[PDB]
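Raw work_8.cif, mmCIF, C-alpha atoms and all ligand atoms:
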```cif
data_structure
loop_
_atom_site.label_atom_id
_atom_site.label_comp_id
_atom_site.auth_asym_id
_atom_site.auth_seq_id
_atom_site.Cartn_x
_atom_site.Cartn_y
_atom_site.Cartn_z
CA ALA T 4 -100.51 74.01 119.98
CA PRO T 5 -99.36 75.90 123.10
CA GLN T 6 -102.30 76.22 125.47
CA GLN T 7 -102.06 80.02 125.49
CA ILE T 8 -102.60 80.11 121.75
CA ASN T 9 -105.39 77.54 121.90
CA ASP T 10 -107.17 79.45 124.63
CA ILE T 11 -107.02 82.95 123.21
CA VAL T 12 -107.96 81.81 119.76
CA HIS T 13 -110.90 79.71 120.93
CA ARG T 14 -112.11 82.26 123.49
CA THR T 15 -112.15 84.98 120.83
CA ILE T 16 -113.39 83.14 117.76
CA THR T 17 -116.12 80.98 119.28
CA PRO T 18 -118.24 83.95 120.36
CA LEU T 19 -117.43 85.73 117.09
CA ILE T 20 -118.86 82.80 115.14
CA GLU T 21 -121.99 82.72 117.30
CA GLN T 22 -122.52 86.49 117.20
CA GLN T 23 -121.97 86.74 113.47
CA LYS T 24 -123.66 83.46 112.48
CA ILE T 25 -120.61 82.46 110.44
CA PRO T 26 -121.12 79.06 108.79
CA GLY T 27 -117.47 78.10 108.52
CA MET T 28 -114.15 79.60 109.55
CA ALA T 29 -110.43 78.88 109.44
CA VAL T 30 -107.82 80.73 111.50
CA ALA T 31 -104.03 80.59 111.44
CA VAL T 32 -101.86 82.18 114.07
CA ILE T 33 -98.22 82.67 113.23
CA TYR T 34 -96.37 82.74 116.53
CA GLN T 35 -92.62 83.12 116.67
CA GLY T 36 -92.83 82.40 112.96
CA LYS T 37 -94.57 78.98 113.19
CA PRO T 38 -98.21 78.44 112.16
CA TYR T 39 -101.05 77.05 114.28
CA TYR T 40 -104.36 76.23 112.66
CA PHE T 41 -107.94 76.18 113.85
CA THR T 42 -111.15 75.36 112.00
CA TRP T 43 -114.89 75.48 112.70
CA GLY T 44 -118.13 74.68 110.97
CA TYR T 45 -118.97 74.13 107.35
CA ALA T 46 -117.48 74.80 103.96
CA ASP T 47 -120.73 73.52 102.39
CA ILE T 48 -123.83 73.39 104.62
CA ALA T 49 -126.03 71.41 102.22
CA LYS T 50 -123.39 68.71 101.62
CA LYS T 51 -122.19 68.76 105.26
CA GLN T 52 -118.58 69.36 104.29
CA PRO T 53 -116.48 70.71 107.19
CA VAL T 54 -113.91 73.45 107.00
CA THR T 55 -110.45 71.89 106.96
CA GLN T 56 -106.91 73.17 106.49
CA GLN T 57 -107.41 72.42 102.77
CA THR T 58 -110.65 74.36 102.28
CA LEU T 59 -110.41 77.16 99.72
CA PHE T 60 -111.97 80.51 100.64
CA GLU T 61 -112.47 83.57 98.48
CA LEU T 62 -109.99 86.18 99.74
CA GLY T 63 -111.80 89.12 98.12
CA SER T 64 -109.66 92.23 98.47
CA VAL T 65 -106.91 90.46 100.41
CA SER T 66 -106.02 89.63 96.76
CA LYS T 67 -104.78 93.25 96.53
CA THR T 68 -101.80 92.24 98.67
CA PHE T 69 -100.80 89.67 96.02
CA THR T 70 -101.33 92.31 93.33
CA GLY T 71 -99.19 94.78 95.25
CA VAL T 72 -96.36 92.28 95.74
CA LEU T 73 -96.53 91.18 92.10
CA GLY T 74 -96.22 94.82 91.08
CA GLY T 75 -93.37 95.23 93.58
CA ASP T 76 -91.65 92.27 91.93
CA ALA T 77 -92.08 93.90 88.48
CA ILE T 78 -90.46 97.08 89.82
CA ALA T 79 -87.61 95.06 91.30
CA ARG T 80 -87.14 93.38 87.90
CA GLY T 81 -86.85 96.85 86.32
CA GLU T 82 -89.90 96.14 84.14
CA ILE T 83 -91.85 99.09 85.46
CA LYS T 84 -91.32 102.09 87.73
CA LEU T 85 -94.06 103.60 89.95
CA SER T 86 -93.05 107.02 88.68
CA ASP T 87 -94.00 105.94 85.10
CA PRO T 88 -97.06 107.57 83.49
CA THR T 89 -99.99 105.18 83.13
CA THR T 90 -99.90 105.95 79.42
CA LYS T 91 -96.46 104.37 79.09
CA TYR T 92 -98.13 100.98 79.40
CA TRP T 93 -101.50 101.88 77.90
CA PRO T 94 -100.76 104.29 75.09
CA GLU T 95 -104.42 104.20 73.95
CA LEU T 96 -105.21 106.14 77.13
CA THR T 97 -104.91 109.46 75.32
CA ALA T 98 -107.47 111.53 77.21
CA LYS T 99 -105.90 114.60 78.86
CA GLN T 100 -106.94 113.81 82.45
CA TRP T 101 -104.38 110.99 82.39
CA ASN T 102 -101.48 113.44 82.10
CA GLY T 103 -99.82 113.25 85.49
CA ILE T 104 -101.49 110.02 86.66
CA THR T 105 -98.70 107.52 87.37
CA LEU T 106 -98.58 103.83 88.28
CA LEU T 107 -98.01 105.00 91.87
CA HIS T 108 -101.40 106.73 91.84
CA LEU T 109 -103.11 103.66 90.44
CA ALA T 110 -101.45 101.33 92.94
CA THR T 111 -102.43 103.47 95.94
CA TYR T 112 -105.93 104.72 95.05
CA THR T 113 -104.67 108.32 94.65
CA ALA T 114 -105.34 108.92 90.93
CA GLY T 115 -108.16 111.38 91.74
CA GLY T 116 -111.37 109.45 92.32
CA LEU T 117 -111.35 106.25 90.28
CA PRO T 118 -114.46 104.38 91.56
CA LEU T 119 -114.64 101.42 93.89
CA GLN T 120 -116.03 99.14 91.21
CA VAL T 121 -115.65 98.92 87.50
CA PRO T 122 -119.21 99.31 86.19
CA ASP T 123 -120.98 95.93 85.70
CA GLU T 124 -121.82 97.09 82.18
CA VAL T 125 -118.12 96.91 81.32
CA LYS T 126 -117.97 93.51 79.64
CA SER T 127 -115.44 93.82 76.83
CA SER T 128 -111.89 95.12 76.59
CA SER T 129 -113.13 98.02 74.42
CA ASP T 130 -115.72 98.79 77.14
CA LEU T 131 -112.85 99.03 79.64
CA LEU T 132 -110.85 101.47 77.46
CA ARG T 133 -113.96 103.59 77.02
CA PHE T 134 -114.53 103.65 80.79
CA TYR T 135 -111.01 104.89 81.63
CA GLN T 136 -110.94 107.41 78.74
CA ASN T 137 -114.28 108.86 79.81
CA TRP T 138 -113.67 108.86 83.56
CA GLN T 139 -113.38 112.37 84.99
CA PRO T 140 -111.26 112.84 88.12
CA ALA T 141 -112.80 114.76 90.96
CA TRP T 142 -109.36 115.64 92.26
CA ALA T 143 -105.82 116.33 91.15
CA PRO T 144 -103.54 113.28 91.26
CA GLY T 145 -101.85 112.57 94.56
CA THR T 146 -104.28 114.57 96.71
CA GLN T 147 -107.04 112.21 97.87
CA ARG T 148 -107.37 108.52 98.52
CA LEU T 149 -110.50 106.65 97.42
CA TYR T 150 -110.21 102.88 97.85
CA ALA T 151 -110.90 101.41 94.42
CA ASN T 152 -110.71 98.18 92.41
CA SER T 153 -110.64 100.24 89.25
CA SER T 154 -107.41 101.82 90.52
CA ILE T 155 -105.26 98.97 91.85
CA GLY T 156 -106.85 96.52 89.43
CA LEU T 157 -105.61 98.61 86.51
CA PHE T 158 -102.21 98.86 88.19
CA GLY T 159 -102.01 95.05 88.32
CA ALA T 160 -102.98 94.62 84.69
CA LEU T 161 -100.45 97.21 83.52
CA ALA T 162 -97.66 96.01 85.83
CA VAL T 163 -97.42 92.69 84.00
CA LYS T 164 -97.45 94.11 80.45
CA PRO T 165 -93.66 94.24 79.93
CA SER T 166 -93.32 90.58 81.03
CA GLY T 167 -95.70 89.61 78.19
CA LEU T 168 -97.33 87.22 80.66
CA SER T 169 -101.00 87.18 81.48
CA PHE T 170 -101.79 88.49 84.95
CA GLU T 171 -102.59 84.93 86.08
CA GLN T 172 -99.39 83.50 84.51
CA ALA T 173 -97.28 86.22 86.09
CA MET T 174 -98.91 85.69 89.51
CA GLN T 175 -98.44 81.92 89.32
CA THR T 176 -94.86 81.89 88.15
CA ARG T 177 -93.53 84.92 90.07
CA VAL T 178 -95.42 84.78 93.38
CA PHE T 179 -97.40 81.58 94.02
CA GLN T 180 -94.85 79.03 92.80
CA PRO T 181 -91.73 80.48 94.43
CA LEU T 182 -93.57 80.76 97.76
CA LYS T 183 -94.95 77.22 97.41
CA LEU T 184 -98.55 78.45 97.52
CA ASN T 185 -99.70 75.37 95.61
CA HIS T 186 -103.34 75.69 96.71
CA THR T 187 -103.81 79.35 95.85
CA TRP T 188 -105.73 80.18 92.65
CA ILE T 189 -107.08 83.02 90.54
CA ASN T 190 -109.30 80.42 88.88
CA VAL T 191 -110.21 77.36 90.95
CA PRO T 192 -109.21 74.29 88.90
CA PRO T 193 -111.65 71.36 88.63
CA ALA T 194 -109.24 69.21 90.66
CA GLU T 195 -109.72 71.53 93.64
CA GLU T 196 -113.52 72.04 93.47
CA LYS T 197 -114.13 69.46 96.25
CA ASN T 198 -112.32 71.88 98.55
CA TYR T 199 -113.91 75.12 97.38
CA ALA T 200 -116.19 76.37 100.12
CA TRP T 201 -119.49 78.03 99.32
CA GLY T 202 -119.99 81.59 100.48
CA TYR T 203 -123.22 82.48 102.23
CA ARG T 204 -125.20 85.63 101.69
CA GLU T 205 -128.77 86.00 102.96
CA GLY T 206 -128.79 82.25 103.45
CA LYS T 207 -127.94 81.49 99.80
CA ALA T 208 -124.78 79.64 98.71
CA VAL T 209 -122.79 81.91 96.39
CA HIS T 210 -119.44 82.23 94.63
CA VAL T 211 -117.78 85.35 93.28
CA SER T 212 -119.18 86.57 89.94
CA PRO T 213 -116.95 87.33 86.95
CA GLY T 214 -116.11 90.98 86.44
CA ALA T 215 -113.64 93.32 84.81
CA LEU T 216 -110.31 93.35 86.64
CA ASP T 217 -111.62 90.76 89.10
CA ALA T 218 -108.40 88.75 89.25
CA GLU T 219 -106.32 91.85 89.89
CA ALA T 220 -108.61 93.36 92.56
CA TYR T 221 -110.46 90.61 94.45
CA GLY T 222 -110.16 87.27 92.68
CA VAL T 223 -107.74 85.05 94.62
CA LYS T 224 -108.89 81.90 96.47
CA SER T 225 -106.64 80.19 99.02
CA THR T 226 -106.41 77.80 101.95
CA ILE T 227 -105.54 78.64 105.52
CA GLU T 228 -102.18 76.87 105.10
CA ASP T 229 -101.18 78.88 102.04
CA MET T 230 -102.36 82.07 103.67
CA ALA T 231 -100.24 81.34 106.76
CA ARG T 232 -97.30 80.87 104.39
CA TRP T 233 -98.17 84.19 102.73
CA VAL T 234 -98.04 85.83 106.16
CA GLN T 235 -94.69 84.13 106.95
CA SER T 236 -93.32 85.40 103.62
CA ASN T 237 -94.43 88.94 104.34
CA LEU T 238 -93.10 88.78 107.91
CA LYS T 239 -89.63 87.63 106.84
CA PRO T 240 -88.99 88.52 103.19
CA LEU T 241 -85.21 88.09 103.48
CA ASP T 242 -85.73 84.33 103.72
CA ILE T 243 -87.12 84.40 100.19
CA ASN T 244 -84.54 83.07 97.75
CA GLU T 245 -85.89 84.87 94.67
CA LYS T 246 -84.31 88.33 94.85
CA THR T 247 -86.90 90.39 92.98
CA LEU T 248 -89.73 88.78 95.00
CA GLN T 249 -87.96 89.49 98.25
CA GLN T 250 -87.60 93.10 97.11
CA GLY T 251 -91.20 93.30 95.89
CA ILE T 252 -92.49 92.31 99.29
CA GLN T 253 -90.36 95.05 100.82
CA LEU T 254 -91.71 97.56 98.29
CA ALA T 255 -95.34 96.62 99.01
CA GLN T 256 -94.84 97.43 102.70
CA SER T 257 -93.22 100.80 102.09
CA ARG T 258 -95.25 103.78 103.23
CA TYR T 259 -96.33 105.98 100.28
CA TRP T 260 -99.15 108.12 101.72
CA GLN T 261 -100.59 108.91 105.11
CA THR T 262 -104.21 109.49 106.02
CA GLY T 263 -104.88 109.81 109.70
CA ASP T 264 -102.93 107.10 111.48
CA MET T 265 -102.76 104.83 108.43
CA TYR T 266 -100.08 104.43 105.77
CA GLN T 267 -100.82 103.14 102.30
CA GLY T 268 -98.52 100.49 100.84
CA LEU T 269 -99.02 98.47 97.66
CA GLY T 270 -102.11 96.47 98.61
CA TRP T 271 -101.01 96.29 102.27
CA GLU T 272 -102.02 99.03 104.68
CA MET T 273 -99.95 99.82 107.76
CA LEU T 274 -100.09 101.55 111.13
CA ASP T 275 -97.29 102.08 113.64
CA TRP T 276 -97.13 99.42 116.34
CA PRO T 277 -98.26 99.66 119.06
CA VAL T 278 -101.52 100.65 117.52
CA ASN T 279 -104.52 102.10 119.15
CA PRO T 280 -107.00 99.23 118.72
CA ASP T 281 -109.89 101.72 118.37
CA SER T 282 -107.90 103.29 115.53
CA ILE T 283 -107.70 100.06 113.52
CA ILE T 284 -111.00 98.55 114.65
CA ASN T 285 -113.05 101.63 113.84
CA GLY T 286 -110.81 102.41 110.88
CA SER T 287 -111.70 99.07 109.27
CA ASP T 288 -115.41 99.86 109.11
CA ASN T 289 -116.35 100.55 105.55
CA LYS T 290 -117.79 103.93 106.70
CA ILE T 291 -114.15 104.93 107.01
CA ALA T 292 -112.25 102.49 104.85
CA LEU T 293 -114.14 103.31 101.68
CA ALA T 294 -114.39 107.11 102.24
CA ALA T 295 -112.74 109.91 100.25
CA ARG T 296 -109.81 111.12 102.39
CA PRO T 297 -107.10 113.70 101.82
CA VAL T 298 -103.62 112.17 101.79
CA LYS T 299 -100.21 113.47 102.67
CA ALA T 300 -97.40 112.32 100.43
CA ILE T 301 -94.52 110.62 102.14
CA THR T 302 -91.65 112.10 100.22
CA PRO T 303 -89.78 109.84 99.65
CA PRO T 304 -91.65 106.74 100.88
CA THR T 305 -90.53 105.16 104.13
CA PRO T 306 -89.09 101.68 103.67
CA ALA T 307 -91.04 98.90 105.38
CA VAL T 308 -91.14 99.59 109.11
CA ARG T 309 -90.79 96.43 111.20
CA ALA T 310 -92.76 97.86 114.13
CA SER T 311 -95.98 98.01 112.12
CA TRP T 312 -99.43 96.53 112.26
CA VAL T 313 -99.66 95.48 108.59
CA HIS T 314 -103.07 94.33 107.46
CA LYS T 315 -105.81 93.96 104.84
CA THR T 316 -109.52 93.18 104.89
CA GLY T 317 -111.25 91.36 102.06
CA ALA T 318 -114.82 90.63 101.04
CA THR T 319 -116.83 89.04 98.35
CA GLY T 320 -120.62 88.61 98.45
CA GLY T 321 -120.23 85.39 100.43
CA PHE T 322 -116.84 85.63 102.15
CA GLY T 323 -114.99 87.74 104.70
CA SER T 324 -111.24 87.57 105.14
CA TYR T 325 -108.67 89.36 107.26
CA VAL T 326 -104.92 89.24 107.57
CA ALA T 327 -102.74 91.15 110.02
CA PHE T 328 -99.15 90.83 111.15
CA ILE T 329 -96.40 92.58 113.08
CA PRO T 330 -92.95 91.97 111.59
CA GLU T 331 -91.04 93.07 114.71
CA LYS T 332 -92.83 90.42 116.78
CA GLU T 333 -92.82 87.61 114.18
CA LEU T 334 -96.54 87.45 114.88
CA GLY T 335 -99.57 87.30 112.65
CA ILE T 336 -103.03 86.03 111.98
CA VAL T 337 -105.28 85.00 109.11
CA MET T 338 -109.06 84.75 109.51
CA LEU T 339 -111.02 83.21 106.61
CA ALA T 340 -114.82 82.92 106.78
CA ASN T 341 -117.57 82.07 104.32
CA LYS T 342 -119.78 84.96 105.32
CA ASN T 343 -119.05 88.66 104.68
CA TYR T 344 -119.41 89.86 108.31
CA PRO T 345 -118.51 93.36 109.55
CA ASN T 346 -114.88 94.49 109.31
CA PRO T 347 -114.73 95.90 112.84
CA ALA T 348 -115.55 92.46 114.29
CA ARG T 349 -112.63 91.00 112.32
CA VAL T 350 -110.16 93.60 113.52
CA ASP T 351 -111.34 93.41 117.12
CA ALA T 352 -110.87 89.65 117.17
CA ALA T 353 -107.46 89.80 115.50
CA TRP T 354 -106.26 92.48 117.89
CA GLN T 355 -107.54 90.57 120.94
CA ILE T 356 -105.57 87.52 119.78
CA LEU T 357 -102.33 89.23 118.73
CA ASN T 358 -102.20 91.57 121.70
CA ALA T 359 -102.52 88.61 124.08
CA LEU T 360 -99.65 86.82 122.34
CA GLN T 361 -97.38 89.80 121.92
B1 LIG A 401 -112.51 94.21 98.49
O1 LIG A 401 -112.47 95.26 99.51
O2 LIG A 401 -112.93 92.94 99.10
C1 LIG A 401 -113.48 94.59 97.31
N1 LIG A 401 -114.80 94.97 97.75
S1 LIG A 401 -115.98 95.28 96.69
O3 LIG A 401 -117.03 96.04 97.33
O4 LIG A 401 -115.50 96.05 95.59
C2 LIG A 401 -116.64 93.77 96.04
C3 LIG A 401 -116.44 93.48 94.70
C4 LIG A 401 -116.97 92.33 94.14
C5 LIG A 401 -117.72 91.45 94.94
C6 LIG A 401 -118.29 90.27 94.45
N2 LIG A 401 -118.90 89.33 95.21
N3 LIG A 401 -119.36 88.35 94.38
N4 LIG A 401 -119.06 88.71 93.10
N5 LIG A 401 -118.42 89.91 93.16
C7 LIG A 401 -117.90 91.74 96.28
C8 LIG A 401 -117.36 92.88 96.84
CL1 LIG A 401 -117.62 93.17 98.53
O1 LIG A 402 -87.80 105.08 98.14
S1 LIG A 402 -88.64 103.91 98.05
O2 LIG A 402 -89.61 104.02 99.13
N1 LIG A 402 -89.46 103.75 96.66
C1 LIG A 402 -90.48 102.73 96.56
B1 LIG A 402 -90.77 102.15 95.13
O3 LIG A 402 -90.13 102.68 93.95
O4 LIG A 402 -92.00 101.48 94.85
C2 LIG A 402 -87.75 102.40 98.35
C3 LIG A 402 -88.09 101.64 99.46
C4 LIG A 402 -87.42 100.45 99.72
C5 LIG A 402 -86.43 100.01 98.86
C6 LIG A 402 -85.78 98.81 99.11
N2 LIG A 402 -85.29 97.95 98.19
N3 LIG A 402 -84.74 96.88 98.84
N4 LIG A 402 -84.90 97.10 100.18
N5 LIG A 402 -85.54 98.29 100.33
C7 LIG A 402 -86.10 100.77 97.74
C8 LIG A 402 -86.76 101.95 97.50
CL1 LIG A 402 -86.35 102.88 96.09
#
```

Would you put the structure from the file into structure tokens?
Amino acid sequence: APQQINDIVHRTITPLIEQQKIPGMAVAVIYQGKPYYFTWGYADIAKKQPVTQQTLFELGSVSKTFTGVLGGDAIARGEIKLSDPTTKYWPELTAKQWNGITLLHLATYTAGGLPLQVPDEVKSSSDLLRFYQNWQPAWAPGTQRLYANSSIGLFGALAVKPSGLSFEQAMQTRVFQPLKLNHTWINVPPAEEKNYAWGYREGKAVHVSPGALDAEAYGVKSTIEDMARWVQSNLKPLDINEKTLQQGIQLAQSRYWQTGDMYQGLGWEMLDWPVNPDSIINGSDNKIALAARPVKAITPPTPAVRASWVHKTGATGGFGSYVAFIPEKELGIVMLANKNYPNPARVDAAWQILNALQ
């Protein structure tokens, strides 16, 4: 715990916690590749349980980075290609709007206006087929980006079809286990419930609700130690012994589309480093992050650029997560909190910390 790391982390996060009234928080800084952990406050206010390095938080949409890497791994295995039509893996998707919509489009929110959320009324598998068959794109494929669980969530579900594994089985055996993420879960097992923090929304203790494509879009729970290891793995994929997983990580950080100063990967989003902090801080606000934006194709995609700010925000009703890292500098951060507090505050704090250490 080098004093410089201690000081910048505490001087940044303490006021953040006060300003945002965050009940509990865990932070990991990866510095020169090694992790340093910090915790504050409560995983469960009522039961007076502190946040520890073993507390599980809901990652919300940081889960999309696992989905993107799992899909990358499936590509590397030759099970799927991003150029494949969606209908190759879901032949029942016969409606004509699907002609020309590829796995790439699903993975990268560019299918033409798939919505942020699958409707809550979608309860059954037949309900889900009906939803996608009936959905009408606003835009031609590959022209506009609209951040969407219904897009990358469907990508994740289809990416694992050739394996014959469930999404959860595939994620466990192909991503979590090889990376030794032994406290990372799509479904929190009873054995780990003592460590599962409550989220807090309007003062009420809450956990994520079941929904269609939840696992694939926002359903992972993890500890600060596993998330630090996730950052390490994404910083230095060549250290990964499993070849297709190493390659999948590289594929998820490739740059497929550009909008403004941001590049869309598979789950991960990237900017060139050094970044303008106003560009990423303001860019993280949901006023921007969730907007419909024209995209420019990167033809062909640019392989993972080491001088990148690579990051992802995540939320559920009760939790707010953020991960960012810079491969060139072997530097990264994870911020896990059990309140869904504004994205710009997350990015500002992460940038203040990483810039001071870089
Ligand atoms: B990701 O950007 O974190 C997804 N964001 S979201 O707006 O689609 C979303 C989906 C589902 C939930 C949820 N909370 N509790 N049950 N479901 C929250 C959010 Cl924030
Ligand atoms: O041209 S690509 O951008 N295509 C991306 B893909 O098919 O999802 C590409 C990028 C990186 C790599 C790679 N493999 N191992 N190391 N880099 C391969 C491709 Cl095809």

Between atom CA of residue 317 of chain T and atom CA of residue 339 of chain T, what is the distance in Å, rounded to a tenth? 9.3 Å

Output as lines of an AutoDock Vina configuration file the centre and edge lengths (Å, one decimal) of the box along x, y and z of the file that holds every listed atom of ligand LIG 401 (chain A) after adding 4 Å on each side.
```
center_x = -115.9
center_y = 92.2
center_z = 96.3
size_x = 14.9
size_y = 15.7
size_z = 14.4
```

Grab me every residue within 10 Å of ligand LIG 401 (chain A), counting all atoms listed in the file, and send it over as an NGL selection string. :T and (61-67 or 118-121 or 123 or 150-153 or 202 or 204 or 209-215 or 217 or 220-222 or 289 or 292-293 or 315-325 or 343)

Output C-alpha atoms for every residue in that selection, as a PDB file, in the frame of the given file.
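Saved file out-v1.pdb follows:
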```
ATOM      1  CA  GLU T  61    -112.470  83.570  98.480  1.00  0.00           C
ATOM      2  CA  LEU T  62    -109.990  86.180  99.740  1.00  0.00           C
ATOM      3  CA  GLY T  63    -111.800  89.120  98.120  1.00  0.00           C
ATOM      4  CA  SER T  64    -109.660  92.230  98.470  1.00  0.00           C
ATOM      5  CA  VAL T  65    -106.910  90.460 100.410  1.00  0.00           C
ATOM      6  CA  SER T  66    -106.020  89.630  96.760  1.00  0.00           C
ATOM      7  CA  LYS T  67    -104.780  93.250  96.530  1.00  0.00           C
ATOM      8  CA  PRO T 118    -114.460 104.380  91.560  1.00  0.00           C
ATOM      9  CA  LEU T 119    -114.640 101.420  93.890  1.00  0.00           C
ATOM     10  CA  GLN T 120    -116.030  99.140  91.210  1.00  0.00           C
ATOM     11  CA  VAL T 121    -115.650  98.920  87.500  1.00  0.00           C
ATOM     12  CA  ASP T 123    -120.980  95.930  85.700  1.00  0.00           C
ATOM     13  CA  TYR T 150    -110.210 102.880  97.850  1.00  0.00           C
ATOM     14  CA  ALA T 151    -110.900 101.410  94.420  1.00  0.00           C
ATOM     15  CA  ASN T 152    -110.710  98.180  92.410  1.00  0.00           C
ATOM     16  CA  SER T 153    -110.640 100.240  89.250  1.00  0.00           C
ATOM     17  CA  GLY T 202    -119.990  81.590 100.480  1.00  0.00           C
ATOM     18  CA  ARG T 204    -125.200  85.630 101.690  1.00  0.00           C
ATOM     19  CA  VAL T 209    -122.790  81.910  96.390  1.00  0.00           C
ATOM     20  CA  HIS T 210    -119.440  82.230  94.630  1.00  0.00           C
ATOM     21  CA  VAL T 211    -117.780  85.350  93.280  1.00  0.00           C
ATOM     22  CA  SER T 212    -119.180  86.570  89.940  1.00  0.00           C
ATOM     23  CA  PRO T 213    -116.950  87.330  86.950  1.00  0.00           C
ATOM     24  CA  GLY T 214    -116.110  90.980  86.440  1.00  0.00           C
ATOM     25  CA  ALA T 215    -113.640  93.320  84.810  1.00  0.00           C
ATOM     26  CA  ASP T 217    -111.620  90.760  89.100  1.00  0.00           C
ATOM     27  CA  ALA T 220    -108.610  93.360  92.560  1.00  0.00           C
ATOM     28  CA  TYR T 221    -110.460  90.610  94.450  1.00  0.00           C
ATOM     29  CA  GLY T 222    -110.160  87.270  92.680  1.00  0.00           C
ATOM     30  CA  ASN T 289    -116.350 100.550 105.550  1.00  0.00           C
ATOM     31  CA  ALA T 292    -112.250 102.490 104.850  1.00  0.00           C
ATOM     32  CA  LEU T 293    -114.140 103.310 101.680  1.00  0.00           C
ATOM     33  CA  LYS T 315    -105.810  93.960 104.840  1.00  0.00           C
ATOM     34  CA  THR T 316    -109.520  93.180 104.890  1.00  0.00           C
ATOM     35  CA  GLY T 317    -111.250  91.360 102.060  1.00  0.00           C
ATOM     36  CA  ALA T 318    -114.820  90.630 101.040  1.00  0.00           C
ATOM     37  CA  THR T 319    -116.830  89.040  98.350  1.00  0.00           C
ATOM     38  CA  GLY T 320    -120.620  88.610  98.450  1.00  0.00           C
ATOM     39  CA  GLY T 321    -120.230  85.390 100.430  1.00  0.00           C
ATOM     40  CA  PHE T 322    -116.840  85.630 102.150  1.00  0.00           C
ATOM     41  CA  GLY T 323    -114.990  87.740 104.700  1.00  0.00           C
ATOM     42  CA  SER T 324    -111.240  87.570 105.140  1.00  0.00           C
ATOM     43  CA  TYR T 325    -108.670  89.360 107.260  1.00  0.00           C
ATOM     44  CA  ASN T 343    -119.050  88.660 104.680  1.00  0.00           C
TER      45      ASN T 343
END
```

Test item: residues no farther than 10 Å from ligand LIG 402 (chain A), counting only C-alpha atoms and all ligand atoms, as a PyMOL selection string: chain T and resi 71+74-79+83-86+106-107+110+240-241+246-247+249-259+268-269+301-307

Selection near segment 126-141 of chain T, 6 Å with only C-alpha atoms, sequence-local residues under 4 positions removed, as a PDB file with C-alpha atoms, in the frame of the given file:
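Saved as result_19.pdb:
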```pdb
ATOM      1  CA  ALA T  98    -107.470 111.530  77.210  1.00  0.00           C
ATOM      2  CA  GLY T 115    -108.160 111.380  91.740  1.00  0.00           C
ATOM      3  CA  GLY T 116    -111.370 109.450  92.320  1.00  0.00           C
TER       4      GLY T 116
END
```

Which residues are close to segment 345-349 of chain T, i.e. within 6 Å by all atoms listed in the file, leaving aside same-chain residues fewer than 3 positions away? Reply as a VMD selection string. chain T and resid 284 287 to 288 352

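Each of T:338, T:4, T:96, T:273 was checked against residue 226 of chain T using only C-alpha atoms; the smallest atom-to-atom distance is that of T:338.
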
What is the atom CA of residue 21 of chain T to atom CA of residue 51 of chain T distance in Å? 18.4 Å

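Proximity of T:274, T:232, T:149, T:17 to residue 187 of chain T, computed with all atoms listed in the file, is greatest for T:232.
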
To one decimal place, how far is atom CA of residue 194 of chain T from atom CA of residue 174 of chain T in Å? 19.5 Å

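Comparing the minimum interatomic distances between residue 310 of chain T and each of T:359, T:238, T:298, T:243, counting all atoms listed in the file, we find that T:238 sits nearest.
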
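Proximity ranking of T:244, T:20, T:72, T:31 relative to residue 44 of chain T places T:20 first, based on all atoms listed in the file.
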
Contacts of residue 282 of chain T at 9 Å (all atoms listed in the file; same-chain gap of 4+ positions) as an mmCIF file with C-alpha atoms, keeping the file's coordinate frame:
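What ended up in part-v1.cif:
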```
data_model
loop_
_atom_site.group_PDB
_atom_site.id
_atom_site.type_symbol
_atom_site.label_atom_id
_atom_site.label_comp_id
_atom_site.auth_asym_id
_atom_site.auth_seq_id
_atom_site.Cartn_x
_atom_site.Cartn_y
_atom_site.Cartn_z
ATOM 1 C CA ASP T 264 -102.930 107.100 111.480
ATOM 2 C CA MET T 265 -102.760 104.830 108.430
ATOM 3 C CA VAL T 278 -101.520 100.650 117.520
ATOM 4 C CA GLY T 286 -110.810 102.410 110.880
ATOM 5 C CA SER T 287 -111.700 99.070 109.270
#
```

Taking into account all atoms listed in the file, which residue in the set T:57, T:166, T:147, T:225 is nearest to residue 179 of chain T? T:225

With a distance cut-off of 8 Å and only C-alpha atoms, select the neighbouring residues of residue 42 of chain T, excluding the residue or stretch itself and same-chain residues fewer than 4 positions from it, and output the selection as a PDB file with C-alpha atoms, in the coordinates of the input.
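What landed in part-v4.pdb:
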```pdb
ATOM      1  CA  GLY T  27    -117.470  78.100 108.520  1.00  0.00           C
ATOM      2  CA  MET T  28    -114.150  79.600 109.550  1.00  0.00           C
ATOM      3  CA  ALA T  29    -110.430  78.880 109.440  1.00  0.00           C
ATOM      4  CA  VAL T  30    -107.820  80.730 111.500  1.00  0.00           C
ATOM      5  CA  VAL T  54    -113.910  73.450 107.000  1.00  0.00           C
ATOM      6  CA  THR T  55    -110.450  71.890 106.960  1.00  0.00           C
ATOM      7  CA  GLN T  56    -106.910  73.170 106.490  1.00  0.00           C
TER       8      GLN T  56
END
```

Show which residues sit within 10 Å of residue 14 of chain T, as a ChimeraX atom specification. Count only C-alpha atoms, and ignore same-chain residues fewer than 5 positions away. /T:8-9,19,352,355-356
